[PDB]
Amino acid sequence: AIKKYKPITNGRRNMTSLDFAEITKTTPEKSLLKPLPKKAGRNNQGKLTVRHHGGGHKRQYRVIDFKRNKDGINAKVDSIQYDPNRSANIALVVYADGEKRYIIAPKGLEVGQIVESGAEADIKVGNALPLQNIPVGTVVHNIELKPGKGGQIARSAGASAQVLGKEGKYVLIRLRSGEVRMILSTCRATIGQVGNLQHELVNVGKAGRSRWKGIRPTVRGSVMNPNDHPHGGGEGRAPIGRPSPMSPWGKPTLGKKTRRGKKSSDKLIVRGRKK
Amino acid sequence: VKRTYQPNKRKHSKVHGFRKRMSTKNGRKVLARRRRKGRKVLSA
Amino acid sequence: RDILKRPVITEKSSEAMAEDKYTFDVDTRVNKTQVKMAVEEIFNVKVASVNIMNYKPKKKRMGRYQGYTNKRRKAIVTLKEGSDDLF
RNA sequence: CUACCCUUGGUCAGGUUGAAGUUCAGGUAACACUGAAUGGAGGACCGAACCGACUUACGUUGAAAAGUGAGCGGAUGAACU
RNA sequence: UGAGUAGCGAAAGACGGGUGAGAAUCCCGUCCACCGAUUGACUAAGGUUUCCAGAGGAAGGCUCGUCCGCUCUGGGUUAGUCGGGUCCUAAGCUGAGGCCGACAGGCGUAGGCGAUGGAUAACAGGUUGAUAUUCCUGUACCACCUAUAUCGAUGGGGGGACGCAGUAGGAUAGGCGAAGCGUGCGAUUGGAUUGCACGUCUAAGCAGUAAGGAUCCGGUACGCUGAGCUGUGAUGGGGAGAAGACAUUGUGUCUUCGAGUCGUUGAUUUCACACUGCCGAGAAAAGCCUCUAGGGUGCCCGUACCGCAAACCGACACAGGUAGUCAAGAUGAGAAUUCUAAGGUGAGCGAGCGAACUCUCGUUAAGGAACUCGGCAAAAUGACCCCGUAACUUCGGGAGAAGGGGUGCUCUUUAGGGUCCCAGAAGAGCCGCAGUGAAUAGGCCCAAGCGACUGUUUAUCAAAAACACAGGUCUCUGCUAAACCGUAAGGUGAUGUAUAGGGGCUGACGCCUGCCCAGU
RNA sequence: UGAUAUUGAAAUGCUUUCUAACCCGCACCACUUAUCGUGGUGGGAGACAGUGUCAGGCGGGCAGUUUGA
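Residues numbered from 1 in each chain as written, not as in the entry; some residues may be left out. Chains lettered and ligands numbered in written order. Part of a larger assembly, values for the part shown. Heavy atoms only, no water.

Looking at the method and resolution fields of the entry, one finds cryo-EM and 3.1 Å.

Tallying secondary structure elements over chain A gives 0 helices and 14 strands in all. Along its sequence from the N terminus, chain A presents helices and strands in the succession β-β-β-β-β-β-β-β-β-β-β-β-β-β. Counting only C-alpha atoms and orienting by the principal axes, one finds that chain A spans roughly 70 × 50 × 40 Å. Within chain A, the fraction of its 275 residues that count as buried is 33%. The long-range share in chain A, meaning contacts at least 24 apart out of those at least 6 apart in sequence, stands at 54%. Here chain A has roughly 17,500 Å² of accessible surface; of this, 51% comes from carbon and sulfur atoms. (Helix = DSSP H or I, 4+ residues; strand = E, 2+ residues; numbered from the N terminus. Buried < 20%, exposed > 50% of the residue type's maximum accessible area, 1.4 Å probe, protein only. Contact = heavy atoms within 4.5 Å. Areas by Shrake-Rupley, 256 points an atom, 1.4 Å probe, with all protein chains shown as cover.)

What follows concerns the sheet that holds strand β7 (residues 100-104) of chain A. The strand order across the open sheet built from 4 strands is β7-β6-β5-β8 (chain A), with neighbouring strands paired in antiparallel fashion. The open sheet terminates on both sides in strands that have one partner only, identified here as β7 and β8 (113-114) of chain A. (Pairing = 2+ DSSP bridges.)

Let us look at the UniProt feature "binding site: Mg(2+) 2" (unreviewed entry) in chain A. All names here are of chain A. The residues that UniProt annotates with the feature "binding site: Mg(2+) 2" (unreviewed entry) are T218. Its place among the elements puts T218 in the segment after β14 (188-191). On the basis of relative accessibility, which here comes to 55%, the residue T218 falls in the exposed class. (UniProt positions renumbered as here; feature names shortened; annotations may be inferred.)

To continue, consider the UniProt feature "binding site: Mg(2+) 1" (unreviewed entry) in chain A. All names here are of chain A. Those residues carrying the UniProt feature "binding site: Mg(2+) 1" (unreviewed entry) are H52 in this numbering. With respect to the helices and strands, the residue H52 is situated in the loop between β3 (33-35) and β4 (60-62). By relative accessible area, which is 27% here, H52 ends up partly exposed. In contact with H52, not counting residues within four places along its chain, are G214, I215, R216, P217 and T218.

This part takes up a nonpolar patch on the surface. The grouping of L36, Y61 and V63 of chain A at the surface amounts to a nonpolar patch, some 220 Å² of accessible area in total. Within the secondary structure layout, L36 of chain A lies in the loop between β3 and β4. (Patch = residues over 30% accessible without salt bridge, like charges linked within 9 Å, V, L, I, M, F, W, Y side chains within 5 Å. Salt bridge = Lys/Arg side-chain N within 4 Å of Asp/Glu carboxyl O.)

Residue and element names in this part refer to chain A. Neighbouring RNA strand F are the residues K146, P147, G148, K149, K169, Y170, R242, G250 and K267. Near-protein atoms of RNA strand F (within 4 Å) split between backbone and bases, with sugar and phosphate holding 100%. In the model, a phosphate oxygen of RNA strand F is placed 3.0 Å from a nitrogen or oxygen of the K146 side chain. Residue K169 places a side-chain N or O atom 3.1 Å away from a phosphate oxygen belonging to RNA strand F. Per-class residue counts for the surface near RNA strand F are 2 nonpolar, 2 polar and 5 charged. (Near = heavy atom within 4 Å. Polar contact = N/O pair within 3.5 Å; in protein donor to acceptor, adjacent residues only side chain to side chain. Nonpolar A, V, L, I, M, F, W, Y, C, P; charged D, E, K, R; others polar.)

Every one of the 124 residues lining RNA strand E counts as a neighbour, but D97, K149, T253, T258 and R273 of chain A are closest to it. Backbone atoms, meaning sugar plus phosphate, form 69% of the atoms of RNA strand E positioned within 4 Å of the protein. At 2.5 Å, a side-chain N or O of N43 of chain A approaches a base oxygen of RNA strand E. The contact in question runs from a sugar or linking oxygen of RNA strand E to an N or O atom on the side chain of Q45 of chain A, over 2.6 Å. Listing elements by their share of the surface near RNA strand E, those giving two or more residues are β3 and β4 of chain A, α1 (9-16) of chain B together with α1 (32-42), β3 (46-55) and β4 (72-81) of chain C. With 5 residues, the single largest contributor to the surface near RNA strand E is β3 of chain C. For the surface near RNA strand E, the per-class residue count stands at 37 nonpolar, 39 polar and 48 charged.

Following this line, the structure appears as structure tokens:
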């Protein structure tokens with residue numbers, strides 16, 4: 001749900017926030033919180049290596065498990081909680097042995113689920129099975145990429161990726177970006193979509209509200225001096241003035257592909273994207 | 001008007017002290033260059 | 001031992017308290033335990049307590065050539081039986 | 001000193017406005033609409049400390065290598081230290 | 001030389017008596033004047049002997065100096081409990097092995113160092129020229145040692161342990177007006193039911209108290225801790241407005257002796273991140289508790305002094321700058337305004353005269369912006385309580401729109417409120433030129449341009465129509481992501497995963513965004 | 001971007017397959033109640049990548065200079 005703020009002032013005029021109606025506990029669970037110190041886009045050399053980062057509100061990392069590796073012990077969901085670090089909420093789940101953990105909350109959850117290796121207690125949201133046990137046409141999330149490493153794909157809020165056919169050792173996944181690729185078949189995955197679907201609709205309202213999430217102002221290269229940015233100088237407002245828009249470090253920044261993300265995985269990717 | 005020198009003992013001994021100069025390799029050279037001159041204050 | 005150097009005979013802060021307290025200049029690397037046992041071994045008294053304070057080297061002594069004095073450490077002892085620890 | 005950042009502390013007489021929500025009423029199959037209390041939001045309003053430096057007069061071997069007087073802006077925040 | 005010329009650094013002093021070779025300038029005194037959310041009191045940096053007493057007057061002091069933050073000679077800093085170490089750890093630095101590298105060396109694991117935070121046993125009064133939870137008196141507290149079932153970790157678990165904003169409450173400190181004591185009862189017309197000034201007192205130890213909450217262990221499922229404040233004593237103690245007794249103004253002073261302490265009214269910015277709400281989701285480790293595997297002793301550093309300043313940063317005894325704690329009375333929203341208290345201060349050149357001219361300040365006939373680039377600058381409005389209030393609008397606003405009225409004191413009657421204190425109605429009357437009688441606190445309106453708004457900037461000629469901005473759009477990026485530093489290791493991105501990250505442009509909101517892919 | 005070394009084994013120079021090389025900011029175990037590292041096991045990839053010598057192309061991102069009388 002979405003709260004729409006009334007225009008009592010400029011700044012709060014066209015604003016919008018989340019309702020926070022699915023959030024139950026409203027308090028972090030102790031003994032699963034590890035201290036996180038802000039780095040403000042700074043390298044081990046101490047130099048600003050990523051721009052527009054810095055400042056914000058103090059937070060604390062929640063030790064979440066993306067491995068989901070239990071031998072078939074049950075777990076009753078306790079509460080859905082807020083997490084400052086990600087878009088998705090989290091869910092505190094107590095296993096029937098005594099261990100408590102944090103899961104990424106799939107949409108529509110208070111139920112109680114199983115960390116399976118197959119469809120014994122059948123497929124349904126929250127249940128985390130290896131991929132080969134997952135029927136073709138499901139919508140799964142939190143997919144590993146290498147066995148026993150932990151979920152890496154489809155972890156954001158309102159995220160998902162459905163399983164197309166199989167190939168005996170791999171499966172075909174169509175990721176949220178619009179890509180089709182081959183994933184190893186012994187890779188785990190949870191069922192369902194990820195909740196918090198309204199996170200995209202929020203209008204953050206003012207310039208000091210994006211300022212306490214950890215952002216900093218972004219000067220435009222056209223309002224810089226000719227030795228700072230390739231766009232740089234001139235008299236009056238000047239156009240781009242080159243054959244193509246550049247980045248601040250002298251590379252083309254609009255159109256040109258930069259895919260050196262891997263080469264060994266070029267043979268596994270079947271499609272492009274529709275983004 | 002705030003001026004350029006605000007004295008402070010910890011910072012002075014932590015930047016220009018003997019241990020700081022005897023710590024790096026171009027600080028041992030500063031000491032070896034101040035000892036040759038005959039200076040009565042090598043580090044402070 | 002001879003961890004005691006000198007008696008300190010001053011006007012008020014050594015004679016206005018010489019009803020029971022006796023002040024010395026001592027070595028600069030000693031305790032009040034060392035001095036409390038040294039007085040009792042030298043003079044054969046029972047020393048109730050002892051207070052110590054350090055003095056910085058003053059630059060007062062300046063002739064044609066300016067210089068500093070010695071850093072000095074002064075110890076006051078309060079006796080429980082006996083007397084005559086500076087004449 | 002100055003610019004950003006990290007960590008961990010500190011300060012912001014007073015006074016005034018009255019958002020969401022709640023609660024009584026009433027109105028409907030109902031939702032849900034009008035009223036009255038309660039509530040106390042906000043890069044909100046006035047204004048000292050505090051932080052600034054818009055106009056002007058003075059000074060210009062200055063009191064001072066950038067200040068003073070009179071007014072002026074913010075003053076719970078993208079604050080100041 | 002300029003030339004005995006410019007200046008002598010914000011400001012109230014006057015006289016009396018001393019000392020002395022010499023006095024506006026030094027000491028003592030009375031009157032006057034200034035600050036008093038500070039020029040008063042206490043401390044962190046930083047200075048580093050500048051602090052005190054006795055002497056001095058060559059140089060320093062913007063004059064003088066018999067004086068001093070200056071010269072000489074002797075002194076002054078006292079801790080089991082205060083701030084640091086023998087306890088803990090942020091950020092960061094360092095790093096045995098280790099990885100990378102022409103050399104030098106860069107990075108990094110275990111481990112270590114490290115506060116601005118966490119833990120940790122003492123309070124009143126007296127005393128010196130100079131110390132003061134440190135010395136002394138009184139009363140305490142903690143750790144260890146010796147005499148006359150327990151211990152449980154380097155390991156597990158709990159706690160420690162936390163944001164911002166809003167009111168409602170309990171109690172207290174401090175504030176004031178009567179009574180109760182202790183001194184005074186008069187100048188110049190008057191009075192004597194009159195005028196002043198003081199009211200307590202600690203920690204610790206005992207009571208009771210608003211409020212507020214399937215390793216014996218932890219996790220799964222099937223009356224308890226703490227807690228401001230009060231009170232008995234501690235305290236036949238200490239102190240004190242002052243009172244009576246002793247020698248050289250005993251100036252004064254040592255000395256013993258003995259006095260009140262009661263109830264009430266408002267009320268914290270101190271005493272709970274407690275309770276409620278919100279989104280931006282609010283350190284770590286030890287001390288501590290817990291479960292199992294098993295009559296004495298008490299150390300080192302600081303301590304004086306200045307600390308909005310003549311002692312620190314500004315070359316100066318320099319109108320600037322400098323973190324934090326305390327916070328009186330009348331008036332009031334109030335830490336505003338004016339006058340004062342505690343306490344400090346009279347600013348290191350004066351005496352004349354009262355020209356031109358410059359600077360700061362007050363007033364002005366008649367008119368009124370005519371001045372001039374330009375109503376710049378100044379004047380005008382300004383407080384509270386009542387009526388009243390337009391086009392427009394994103395329905396919040398504009399709006400303190402605009403425009404008007406009231407305001408002192410005395411006396412009468414007269415429903416309030418809190419528990420002496422706070423708030424009102426109406427009527428009758430007195431006065432002057434004047435009633436927020438001083439200080440202080442909006443001028444407003446009619447139209448156009450730019451930028452939506454709060455914010456920021458050329459430290460010392462520019463503060464804006466510039467930058468930022470929420471929102472729009474395009475584009476690279478499938479995770480050892482792209483991008484970036486190094487261009488090695490190692491990192492940020494991110495302990496994130498396409499509703500996510502980097503780059504380019506535009507710049508709230510409303511209506512919209514035409515055509516062309518020659519050519520780069 | 002190509003040739004050559006590290007670099008092999010097979011079947012129809014180009015193709016397809018295998019695995020021991022080389023690699024894994026993948027999992028588990030031991031040094032060690034660290035995992036930086038080393039090693040050892042399982043999985044993934046596999047003669048490809050990474051790296052060395054040689055060669056062609058883009059390269060105001062950066063450098064040195066020129067721009068007459």
